[PDB]
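In the working numbering, the protein residues as written are 55 to 553. Ideal Cβ positions, reconstructed from N, Cα and C, are used throughout, including at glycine. Everything below concerns the one structure shown next.
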Ligand SMILES: COCCCC/C(=N/OCCN)c1ccc(C(F)(F)F)cc1
Ligand code: NA
Ligand code: NA
């Protein structure tokens, strides 16, 4: 079985996964909409009562399974719980990242394409007024994606956008086919520094942004000025818990696959706590210092609420590009921004697609080449649904991330900490650990963490269970994916009986 070479690279790859577009875009929006600086109160608590405990568990399950030559949840759940229902629930952790990858890699290709178009100067040039600046870029994005003009739910992406997607896939395969250490870990040692440099530079250039409408100081002002009156809203505490899941990448079975390449007695306590902190630092220090400030600096603090309500996607694919076409040398700033984003996603997309690569290796005994080429084949095929069918992207995100963070994460708790046994579990986490997990966390892992995860589920349940016909096309496919994966798991246990 393959293994991580260095402890540094391990943390960088785990952080590589955790840090992506959400750190720079999603997180700053959630904070401003939910109390600003006051949002740091429930966010840190959730980091301590949910994020950190659950992180350690996925690291534990991974290493525990990796020592037995299994990196995925269909096998691992069957090791924590000798049952048929454990193998089925395990498929979900093979299904979730595979669904995300069907849309995630494609959006990752957008950043790359934009980065290319921005670098060569193939971008709109306005013209005055805010809608006169945004519209040439709103339309720039819509022509790349192929946003439907008529009533049809049909997208028509550009040939270029399609070609960049093919290139993005090829890049992923390039890194992935070289393996854990010589591919992912090697690239994680190059990307993360390159990422940090790009962030710092953008942070610096943004703080220098001065327009007649405002400054960057007004941006960091609006974003971080605490509104404690919003702490009364349960929805703020719900968003915070949800944000931590999203921030750390919990409930997608990605960590579990990675940790399974960590050796039997190597530390997972301190190593995890490090990679987790790197992401949080990247979010609060770098991510919340670029997007929102630059948005407020150009449009003023008067539109700061409107900007945050416009969503994270508009902020990063329309708003910020439009601001860049108005600043000195902003076309290169557009390129550094989209190249910052491209790497952030790429370090995540190679991480997520590994689970399916691991399965084909560990359970179906496929070579690494075949495992990558078929995984690439599957994600490439399924992506055509995202590329051509309008709102298919949303349906996949809803089901994958929805079930992923709200169902499957809780399942990891119960199986490992309630079915497999809390004491046996606790030893598996602390074993070989440089530092030991605080004795208080035993109660947080066993009660507090699943109690929260139950509530996040239920509130999510009570709102989304009640909440067009073409959505069935996407549902039809992703269900077909689950059946397909059940079948592979089925074939996996039948090959093992023969040998
Ligand atoms: C809402 O956008 C999708 C996020 C799902 C979780 C995500 N975490 O990555 C870094 C944490 N912020 C993720 C999961 C799977 C994949 C992959 F596409 F690689 F499977 C990529 C990102
Ligand atoms: Na993150
Ligand atoms: Na990443």
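How would you label residue i, buried or exposed, when you count the other beta carbons within 10 angstroms and need 16 or more for buried?
| i | result |
| --- | --- |
| residue 39 | A query on residue 39 cannot be resolved here, the shown segment of the chain reaching from 55 to 553 and no further. |
| residue 52 | The chain is shown only over 55 to 553; residue 52 falls outside these bounds and no answer can be derived. |
| residue 288 | exposed |
| residue 317 | exposed |
| residue 551 | exposed |
| residue 112 | buried |
| residue 482 | buried |
| residue 498 | buried |
| residue 386 | exposed |
| residue 128 | buried |
| residue 391 | buried |
| residue 153 | buried |
| residue 553 | exposed |
| residue 449 | buried |
| residue 186 | exposed |
| residue 237 | buried |
| residue 204 | exposed |
Assuming residue i contacts residue j under a Cβ cut-off of 8 Å, what Cβ separation, rounded to an integer in Å, is found between them?
| i | j | result |
| --- | --- | --- |
| residue 151 | residue 307 | 6 Å |
| residue 337 | residue 71 | So it is not a contact: roughly 14 Å between Cβ atoms. |
| residue 510 | residue 467 | Not a contact, Cβ separation roughly 12 Å. |
| residue 215 | residue 433 | With a Cβ gap of about 17 Å, residue 215 and residue 433 do not count as contacting. |
| residue 235 | residue 69 | So it is not a contact: roughly 16 Å between Cβ atoms. |
| residue 229 | residue 404 | 5 Å |
| residue 348 | residue 270 | 7 Å |
| residue 422 | residue 231 | 7 Å |
| residue 184 | residue 353 | 6 Å |
| residue 218 | residue 170 | 7 Å |
| residue 326 | residue 110 | 6 Å |
| residue 63 | residue 239 | 4 Å |
Anyone know if the C-beta pair for residue i and residue j falls short of 8 Å?
| i | j | result |
| --- | --- | --- |
| residue 116 | residue 412 | no |
| residue 350 | residue 360 | no |
| residue 322 | residue 147 | no |
| residue 242 | residue 398 | no |
| residue 178 | residue 191 | yes |
| residue 546 | residue 417 | yes |
| residue 442 | residue 208 | yes |
| residue 225 | residue 400 | yes |
| residue 86 | residue 346 | yes |
| residue 97 | residue 329 | no |
| residue 381 | residue 263 | yes |
| residue 469 | residue 114 | no |
| residue 119 | residue 343 | no |
| residue 341 | residue 459 | no |
| residue 388 | residue 172 | yes |
| residue 456 | residue 526 | no |
| residue 444 | residue 211 | no |
| residue 536 | residue 135 | no |
| residue 162 | residue 396 | yes |
| residue 93 | residue 290 | yes |
| residue 512 | residue 157 | no |
| residue 80 | residue 366 | yes |
| residue 496 | residue 480 | yes |
Between the options, which lies nearest to residue i when the distance is taken from Cα to Cα?
| i | options | result |
| --- | --- | --- |
| residue 504 | 511, 537, 464, 523 | 464 |
| residue 539 | 450, 447, 429, 437 | 429 |
| residue 490 | 438, 324, 419, 335 | 324 |
| residue 333 | 342, 344, 301 | 301 |
| residue 251 | 194, 394, 438, 96 | 394 |
| residue 196 | 257, 372, 140 | 372 |
| residue 278 | 139, 355, 471, 487 | 355 |
| residue 213 | 424, 153, 200 | 200 |
| residue 56 | 123, 79, 82 | 123 |
| residue 159 | 423, 271, 368, 407 | 407 |
| residue 292 | 549, 535, 95, 493 | 95 |
| residue 410 | 145, 259, 135 | 145 |
| residue 221 | 164, 475, 237 | 164 |
| residue 223 | 518, 447, 426, 444 | 426 |
| residue 528 | 518, 478, 446, 485 | 446 |
| residue 298 | 133, 131, 65, 76 | 76 |
| residue 283 | 90, 74, 492, 378 | 90 |
| residue 174 | 485, 384, 542, 480 | 384 |
| residue 74 | 253, 180, 61 | 253 |
| residue 274 | 261, 176, 281 | 261 |
| residue 379 | 276, 182, 431, 198 | 182 |
Let me check you understand the geometry: is the CB of residue i closer than 7 Å to at least one non-hydrogen atom of ligand 4?
| i | result |
| --- | --- |
| residue 179 | Within the structure as shown, ligand 4 is missing, the only ligands being ligand 1, ligand 2 and ligand 3. |
Runs of 3 residues minimum, wholly inside the stretch 202-265: which ones carry the beta strand (DSSP E) assignment?
List check, beta strand (DSSP E) in window: nothing returned.
Contained alpha helix (DSSP H) runs [length at least 4] in the stretch 484-525, N- to C-terminal order
When DSSP assignments are scanned along the stretch 484-525, the uninterrupted stretches of alpha helix (DSSP H) that are 4 or more residues long and fall wholly within it turn out to be 503-518.
Starting from the N-terminal side, write out each stretch of the beta strand (DSSP E) that is 3 residues or longer and does not extend beyond the stretch 118-192.
As far as the stretch 118-192 is concerned, it has no whole beta strand (DSSP E) run of at least 3 residues.
Completely contained alpha helix (DSSP H) runs for the stretch 439-469, where each covers 4 or more residues:
For the stretch 439-469, whole alpha helix (DSSP H) runs of length 4 or above, ordered along the chain, are 446-457, 463-467.
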